[PDB]
């Protein structure tokens, strides 16, 4: 009579069809996080709910009532700034914390000419709050993230309470605009900012992830360690680079495969799994196999202990359900 969780994760989700829930990139690796991490945005639990502010999809990021500004007395070829307060996203029915799709990363301040490291970047524009019309001189790539102190003392924050949702173009716009209210419109699939062509570490690192009050953390349980799902994500320093680039492979991480997030958002799985258990799947390769476990908070784990080495899924054969297990029982790692 109870719903089964076994179909939440299936072979295509990790062999090329499944995309991650932060970057919408094709999942190709598992990144262990021995230090633990938290994530709420676009992350669902087994009770049908999210602590975040985003639906399980990638469309656009829009807010009608922020403050657009720029520095100096000449609007030509400036960096465009925009911000609103967290809690002001009144048109988002999920949560007013931030616009649906706004990235859960702390802002990396920059004034140029260098490009910030490890920023979430999306393409978009400022727009006219009354008419909807885009300000055509403001289209650019913008870093988006959470901060305090805008506009004058911008500092990263990872707590949504009292934060500001900020945007700043990483390159000059044709003509900046200074207007409050003004709208922001940015496409919801992002790229990673880098200072030059070289790839950087997997992005976001745990200490950049923004969460709302009450978001549960993923902590190690014995030798079981939480994992993120890694995809190869485009970067600003070399937009051609993909897997295997001579300039380095850039990984972006998410807490869940989006198909899992979607399944959790469609049905309540509370009956499927007791708190303190994991539901376990086996990932089989030619050389061996490994188990990953899903907790009631929606986080995945592997039996990798202190390791931070990315697990490559290029040679993954299939995913098979194993069943529910105590979270303390060590997940097999036989690669």
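Positions refer to the first chain, counted from 1.
For the pair 118-126 and 143-151, the mean B factor over Cα atoms is greater in 143-151. 167-175 and 109-117 differ in mean CA B-factor, and the higher of the two is recorded for 109-117.
Per the deposited record, 272 carries the highest C-alpha B-factor of all listed residues (302, 283, 272, 40). Across the residues 137, 250, 212, 76, the deposited record lists the maximum Cα B factor for 76.
Residue-level temperature factors show residue 182 in the middle third of its chain, judged at the C-alpha atom.
Among the modelled residues of its chain, residue 132 has a C-alpha B-factor that falls in the middle third according to the deposited record.
Split the chain's modelled residues into thirds by C-alpha temperature factor. Residue 276 is in the highest one. In the deposited entry, the Cα temperature factor of residue 25 sits in the bottom third of values across the chain's modelled residues.
Ranked by Cα temperature factor within the chain, residue 256 sits in the lowest third according to the deposited record.
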